[PDB]
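Notes follow once the structure below has been shown.
Per chain, numbering begins at 1; letters A, B, ... match sequence-line order.
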Amino acid sequence: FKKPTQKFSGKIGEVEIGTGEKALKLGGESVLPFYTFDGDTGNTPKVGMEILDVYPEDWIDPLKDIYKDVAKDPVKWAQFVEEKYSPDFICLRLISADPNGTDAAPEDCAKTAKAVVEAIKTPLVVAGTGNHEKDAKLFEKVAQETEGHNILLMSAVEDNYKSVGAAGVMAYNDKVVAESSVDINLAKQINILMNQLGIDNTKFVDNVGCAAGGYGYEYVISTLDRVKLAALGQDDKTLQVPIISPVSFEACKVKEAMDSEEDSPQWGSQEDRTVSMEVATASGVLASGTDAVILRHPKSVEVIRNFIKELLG
Amino acid sequence: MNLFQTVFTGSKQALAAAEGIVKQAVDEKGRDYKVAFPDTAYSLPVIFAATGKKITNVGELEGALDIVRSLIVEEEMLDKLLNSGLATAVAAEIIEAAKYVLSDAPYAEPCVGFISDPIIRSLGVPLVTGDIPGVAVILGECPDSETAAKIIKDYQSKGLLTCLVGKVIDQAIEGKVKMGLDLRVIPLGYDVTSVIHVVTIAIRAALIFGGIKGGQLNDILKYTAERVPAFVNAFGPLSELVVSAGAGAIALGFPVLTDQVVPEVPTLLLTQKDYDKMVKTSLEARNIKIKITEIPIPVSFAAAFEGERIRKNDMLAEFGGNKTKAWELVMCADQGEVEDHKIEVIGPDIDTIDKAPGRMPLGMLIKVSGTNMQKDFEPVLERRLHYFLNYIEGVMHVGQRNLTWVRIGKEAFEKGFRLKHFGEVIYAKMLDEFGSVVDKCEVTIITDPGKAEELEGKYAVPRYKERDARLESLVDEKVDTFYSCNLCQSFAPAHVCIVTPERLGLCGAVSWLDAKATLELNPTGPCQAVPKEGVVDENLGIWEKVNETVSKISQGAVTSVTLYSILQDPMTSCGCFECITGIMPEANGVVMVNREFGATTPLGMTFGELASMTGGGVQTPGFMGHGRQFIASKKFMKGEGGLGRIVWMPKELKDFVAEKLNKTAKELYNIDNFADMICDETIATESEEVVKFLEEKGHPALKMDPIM
Ligand code: SF4
Ligand code: NI
Ligand code: NI
């Protein structure tokens, strides 16, 4: 029999997030994920930890027990996460800027992000809310305040891609995430718009969408497969950027993880179900072609890091 | 003194002033004294842009005079004139740099002098997003303070960033113009050389946002010409130095407007004496468009208001339908024929109604003017009218062309709705949605019985007839490009639709003109042009360019396709197709089935099984998914003898298609009623019975060569 020699003409580009000795690089691979028997895998996929700019009230009880004395102050929370768990990066989610919730001015969130980014050495990812109009102004003020640290700004959708691209990559030398909703064509369109704006493939990453296991997950898997095959096999230049997936954003929000043992006695431990959901979603997206995953529970980060080390090592 | 000599003279004067002030800096501070601008990383931006060199000491500032000298070549050709304009810009920068060397703070408020890099990054984001529509560089002096204040505040009210040089700074102060960075009214300085401080803004915009390294002068000039929407308004008498500095603005792609008599250059140097039109002249000259924030209508306008049904007894007004004559039309017109934002209501308005219902003719004539506007784009925009009107609560409009009727309830009348608001909404939405193809829009609402019918006959019906004629007369050979749509790749990863004049998109909602309009309006959308070059087989419809485009779009899943055949590398199908065509070998022909048909077919499979086998973006020879307009096409199965092979078809589909099918088969030289030779489900459904019917009726398909 002949060994399967799958030669790809394409190659994923590298994007650097952060400054100093903690800065990480994403992308650089020329084969399918964990296909060390086919060629070169550029950089190991990264695992980041999610923190909030306000106290997490909807999080499960074990998570609030882990961060009991640090979740009140985002700076203290970030320092605790960097010290005790030492992740690849920290994703600071500005929940307080949500128009649906306790809407806050962009200045307050920018100040919180500036305080956080000057206390940690690991790369920081600043994630906004689901509102495009709010996101544009928020990221303007956040990128203005957090200048000189090479942060990553999430959710630069087509509605506000110009604003986040200008306030981000162009003005204050940051990186950005071009987000598209589970479509290869939409990912191509947003990448082409970013390139025509003046931002090359070395200055942004892609978010082809994320979903928890069992909730539109096959669409995420198929989108990741199609994007990876087009970028590598077909040498499509508009898709040769690393992909980042926020897993904890949707994985921890589902009923299979949020419900406590009191609500569903047969299901069992709530923390175990949350960790299992995070691990399953992260493993699937990592196998399908993502380059960085955002997780919430520290045990999930440990399990996913061990999984990556076992597969690559 | 002609234009070239005026510019050369000005550049020499700029060089003379630069040499004199540099000599003062050398004598007072020495060649080792530091040269810098407050808070910038680009040293002197113009010199850094042109040469890539950073100037740090006075001795290098003196050596920068050679750059000015090398840029002044007194030969009357356009390139030398632009280089001489750049010589003035470099000389002005050297003068401004020496000002900071000689005096610690050379600018006193209100003048700001040099603009630091953090300010550029602060206003750079609005420049990219269009929140700042443009940069108005106003220099000189207006005939009076109020004229300057009016023009400046006109630019300010439109969101433009205006910079001031010269006596207009004092005139604006006398005119009480509120100056500030947040107020977007920046006075640079009273000297002409202070105009370099807004020039470096455009230069550093290329350096910061364009990512262009220093010394790439052509790339920087290209960037400022395409990306920086700056223009110059030069008021008052213009010296040679002012003209040479304007040549520098022209060198950066910024048009220069003035109220003085000058040797005008089209699109670059323009004279506009009318101060009441200078703002509009500049916006047109710089291609600047100001977007409308909200629709000026008392009635609320939202997309959720579509589909509202409003009571009959509340119908204040009702136009169109079987009661009255109503029509709508969107027509391309030359710039002279349509004036921007002109809503004309002719005839009685809805106020005159004093009875519970209303009954009067309504005619909406919409004229759109633009550089890229085409007649083929008219049918698209007109369709959006249906939507533009339905988003207004209180009014419901449905119909096509002259078949439209509009019902207006009395709640909108109580709120203050009139017929002019129709024009306001139409103009605002035409400039929003089609702002890339429409420059000016004029809406006329006609209610008089006479003018409504006169304008319909003069304008409406000829447009409809020519549109129908173009739709019917377009063939593949006449056009030179096809189009490719991949909108169904969301569920069919390998499907690429090739739209030609005689092959409609199999979803049935995309045509060749629709694809062209979609490509024009949404260049990064799903519809992309496919040049029809490199033909291989004209009868089977094989093009090398088409194969290459299909291979690229489908991510290599599909290699070769044939447009006019179903047995040799057929086109793929996704799943939106209305009809399925399948090969019947025993009849030496083809049968068809629509999605509304539930019974079995002579092939032995229902519509569901055929859809499962055919769709999904897979090349299946012998089966095709297509729309209802493709059956009576001359390109239908052109690679297998044409549409004469159709032997079985559902009764309702046959009744729907019969007229056009008989026309095309008459082109084939068949009988007047060719559809009678086509078997129905009622006549016969079993294959043997179908073949018996075909033999009895003398179907042409039985007498052709074998299909496969
Ligand atoms: S079926 Fe219609 S929408 Fe789908 S790809 Fe073809 S032309 Fe586009
Ligand atoms: Ni389709
Ligand atoms: Ni389809």
Side-chain angles (χ1 to χ4, degrees), chain A residues 8-10 133 136-137 139-141 143-144 147 158-174 180-200 202-203 219 222-223 225-239, chain B residues 41 117-132 204-212 219-220 222-223 226-228 293 484-497 518 522-528 548 550-559 574 616-617:
Chain A
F8 283 151
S9 55
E133 304 78 62
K137 312 245 70 173
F139 283 136
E140 263 159 13
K141 189 82 206 96
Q144 189 207 146
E147 181 182 8
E158 183 190 2
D159 305 50
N160 57 255
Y161 81 94
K162 316 191 72 173
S163 182
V164 187
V169 184
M170 283 180 161
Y172 302 101
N173 314 314
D174 293 329
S180 105
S181 34
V182 291
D183 217 304
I184 176 183
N185 293 127
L186 296 186
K188 290 171 53 59
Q189 184 175 9
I190 187 60
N191 291 10
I192 292 174
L193 288 176
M194 298 289 285
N195 290 282
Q196 292 177 356
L197 188 57
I199 305 174
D200 50 318
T202 63
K203 304 243 162 293
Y219 298 105
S222 293
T223 303
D225 290 331
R226 294 172 66 182
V227 166
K228 227 63 181 180
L229 288 179
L232 293 175
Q234 299 302 136
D235 194 69
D236 187 11
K237 258 66 179 184
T238 67
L239 291 172
Chain B
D117 270 328
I119 292 178
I120 293 187
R121 304 182 191 271
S122 178
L123 53 82
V125 195
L127 280 176
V128 178
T129 71
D131 289 68
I132 295 177
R204 279 172 288 170
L207 300 173
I208 297 176
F209 312 110
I212 303 179
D219 286 65
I220 296 167
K222 163 186 55 52
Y223 185 95
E226 273 89 302
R227 302 288 222 178
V228 183
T293 58
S484 62
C485 189
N486 59 17
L487 190 61
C488 292
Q489 283 197 353
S490 54
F491 61 94
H495 175 62
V496 185
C497 256
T518 305
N522 192 17
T524 59
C527 294
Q528 299 294 326
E548 167 188 347
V550 170
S551 178
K552 185 170 183 180
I553 295 185
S554 62
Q555 310 295 347
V558 180
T559 313
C574 39

For this session: Using modelled atom types only, decide if a donor and an acceptor are shared between the side chain of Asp117(B) and the backbone of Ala41(B) within a distance under 3.5 Å.
Result: yes
For this session: Go through the structure and list residues passing side-chain hydrogen bond (donor to acceptor under 3.5 Å, both in side chains) with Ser180(A), not counting sequence neighbours.
Result: none
For this session: Among the options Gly211(B), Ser551(B), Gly556(B), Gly124(B), pick out the one with the most heavy-atom pairs lying under 4.5 Å from chain A.
Result: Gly556(B)
Exercise. Is any side-chain heavy atom of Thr524(B) less than 4.5 Å from a side-chain heavy atom of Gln196(A)?
Worked result: yes
Problem set entry | Sorted by number, residues from residues 487-495 of chain B in contact with chain A (heavy atoms, under 4.5 Å) | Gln489(B), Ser490(B), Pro493(B)
Exercise. Between the main-chain N or O of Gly525(B) and the side-chain N or O of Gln528(B), is there a donor-acceptor pair closer than 3.5 Å?
Worked result: yes
Problem set entry | Minimum-distance pair of heavy atoms, taken over all atoms of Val496(B) and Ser484(B) | CG1-CB, 4.2 Å
Problem set entry | Contact origin within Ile184(A) toward chain B - heavy atom pairs under 4.5 Å | side chain
For this session: Supply the atom-to-atom distance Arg227(B) CZ to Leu197(A) CG, rounded to the nearest 0.5 angstrom.
Result: 6.0 Å
Problem set entry | Greatest number of heavy atom pairs closer than 4.5 Å to chain B - which of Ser163(A), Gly233(A), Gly198(A) | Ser163(A)
Exercise. Within the side chain of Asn522(B), is there an N or O that forms a donor-acceptor pair under 3.5 Å with the backbone of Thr518(B)?
Worked result: no
Exercise. Which bit of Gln144(A) is near chain B, if near means a heavy-atom gap under 4.5 Å: side chain, backbone, both or neither?
Worked result: neither
Problem set entry | Heavy-atom pairs under 4.5 Å with chain B, option from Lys188(A), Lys162(A), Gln189(A) with the top count | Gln189(A)
Problem set entry | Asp236(A) side chain vs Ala230(A) backbone, donor-acceptor pair below 3.5 Å | no
